[PDB]
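Next comes just one chain, in structure tokens: the form solved without the ligand.
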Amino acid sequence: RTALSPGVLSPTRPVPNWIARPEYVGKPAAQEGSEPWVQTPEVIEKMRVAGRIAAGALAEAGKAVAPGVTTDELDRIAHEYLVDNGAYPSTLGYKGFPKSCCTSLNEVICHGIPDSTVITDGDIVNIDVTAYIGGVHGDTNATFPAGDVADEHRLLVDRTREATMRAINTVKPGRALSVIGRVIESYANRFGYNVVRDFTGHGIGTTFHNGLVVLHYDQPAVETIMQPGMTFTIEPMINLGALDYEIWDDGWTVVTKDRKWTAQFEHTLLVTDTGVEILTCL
């Protein structure tokens, strides 16, 4: 199977005009980066709805993953699930991004753009979709195997999922945030994988990336302590090869330099009074 190259982007999909757009839609930048890391009880409850809807759109698109299908089609299905449930797709028009989710096949680390690319037997594909509803965001992603995937790649996918869930089960108020990236990296290194460093989880609430940064590698210099009401993502990208990457001219698609495949999972999490709640479940 060759290295991917760009396919052709289908026309911008429309969303019902009654669905409220994030402020950043049709603007070159987003007004985000300085919002409180601990959300209000109101915002938390609204984020459960947004999380649930983003989890539904992810599951629907993942069901369509099969040799034969375009990435564009995965986007059509996610887009249509979000819209039928009253949500705006947060990626759509976010910093000029053209689609309603990110589709990252094989050696694409992240930020892949749904297009005419046809998925083949043995490929892996991450689908990352976010929902904006009631003024808040819910963000989730999963890598899905297509047909008959090599054992090397099923293991990568299974172990990326496992790293993410292990990190999720470390979340508790009063525990250092830096715990997350230590658990992830330590598990990935056990199988000789390398954790992408330059892309991170983020705080999320009324804004998409609110300024809080969640590292997926061991970085004990971070002093941030987890507090009840904090909402953020854990979304580690794990590479079979070297971390070195390139960005396509589209200004978005990140691909590994050696072309070895890479996988990712993502939940939106709430720090509760005693532990964690995953908001992006069905």
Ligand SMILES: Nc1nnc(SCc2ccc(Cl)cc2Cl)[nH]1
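Residue numbers run from 1 along the displayed sequence.
Engineer: Using the B-factors recorded in the PDB entry, average over the C-alpha atoms of 245-253 and of 34-42, then report which stretch comes out higher.
Structural biologist: Comparing averages over the C-alpha atoms only gives 245-253.
Engineer: Mean CA B-factor: is it higher for 177-185 or for 71-79?
Structural biologist: According to the PDB entry, the answer is 71-79.
Engineer: Out of 140, 126, 90, 117, which residue has the highest Cα temperature factor in the PDB record?
Structural biologist: 117 has the highest C-alpha B-factor of those listed.
Engineer: Checking the entry, which one of 159, 209, 95, 99 has the top C-alpha B factor?
Structural biologist: Top of the list by C-alpha B-factor: 95.
Engineer: Lowest, middle or highest third of the chain for the C-alpha temperature factor of residue 10?
Structural biologist: According to the entry, residue 10 has a C-alpha B-factor in the chain's highest third.
Engineer: Test of reading the entry: by CA B factor among the chain's modelled residues, which third contains residue 193?
Structural biologist: Middle third - that is where residue 193 ends up once the chain's C-alpha B-factors are sorted.
Engineer: Taking the chain's C-alpha temperature factors as the reference, tell me which third residue 282 falls into: lowest, middle or highest.
Structural biologist: CA B-factor rank for residue 282: highest third.
Engineer: Going by what the PDB entry lists, where does residue 47 fall on CA B-factor within its chain: lowest, middle or highest third?
Structural biologist: It falls in the bottom third of the chain.
Engineer: Determine, from the deposited record, the chain-internal third of the Cα B-factor for residue 112: lowest, middle or highest.
Structural biologist: Within its chain, residue 112 is a highest-third residue by C-alpha B-factor, going by the deposited values.
From this point on, the text means the form solved in complex with the ligand, which you will not see here.
Engineer: Which of these stretches, 76-84, 148-156, 125-133, 184-192, has heavy atoms within 4.5 Å of the ligand in the deposited complex?
Structural biologist: The contacting stretch is 125-133.
Engineer: Does residue 37 make contact with the ligand in the deposited complex, using a 4.5 Å heavy atom cut-off?
Structural biologist: Result no; residue 37 lies far from the ligand in the deposited complex.
Engineer: Would residue 90 show up as a contact with the ligand in the deposited complex if we use heavy atoms at 4.5 Å?
Structural biologist: The answer is yes: residue 90 has a heavy atom within 4.5 Å of the ligand.
Engineer: Is residue 245 close to the ligand in the deposited complex, meaning a heavy atom pair under 4.5 Å apart or at it?
Structural biologist: Residue 245: no contact with the ligand in the deposited complex.
Engineer: Just to confirm, residue 217 within 4.5 Å of the ligand in the deposited complex by heavy atoms?
Structural biologist: Residue 217 lies outside the contact set for the ligand.
Engineer: Can you name the residues of 91-116 that have a non-hydrogen atom within 4.5 angstroms of the ligand in the deposited complex?
Structural biologist: Residues within 4.5 Å: 91, 94, 102, 111.
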